[PDB]
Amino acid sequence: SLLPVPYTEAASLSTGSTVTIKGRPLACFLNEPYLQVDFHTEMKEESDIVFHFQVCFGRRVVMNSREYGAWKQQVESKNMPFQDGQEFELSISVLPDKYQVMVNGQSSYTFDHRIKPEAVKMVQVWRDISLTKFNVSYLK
């Protein structure tokens, strides 16, 4: 019942869209497994990234965009709602002005739009997790 990782799915997003991801780190937090979610402008993996979300479990989260191939201003958070050894549910909601990232139902990170979410054509979920669910939903 596991999805392949790296996991890539075509996607369209607008205000009211939510990307929901259920999975589990492949290692204990002492080993610093990573999780990465990238919202890309094209299906190709080297395409620009409207929203990059990277967890180093137990340490920090970084967020950024990659525009014309170059990483822009990095944002860092030390908020760490993820729990060592546990399955997590991560949801990324598209609001008018930002993405909101919920972890296990708790608001945990936000990132103001640098590019309209309508530029997204693909989502990739990768690094040191197993994945059981990936869903894009919409509520107006």
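Numbering starts at 1 and follows the sequence shown.
- If you average the C-alpha B-factors over 37 to 45 and over 80 to 88, the higher value belongs to 80 to 88.
- Note on 47 to 55 vs 100 to 108: mean CA B-factor is higher in 100 to 108.
- Ranked by Cα temperature factor within the chain, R66 sits in the lowest third according to the deposited record.
- In the deposited entry, the Cα temperature factor of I21 sits in the middle third of values across the chain's modelled residues.
- Remark: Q124 belongs to the lowest third of its chain, ranked by C-alpha B-factor as recorded.
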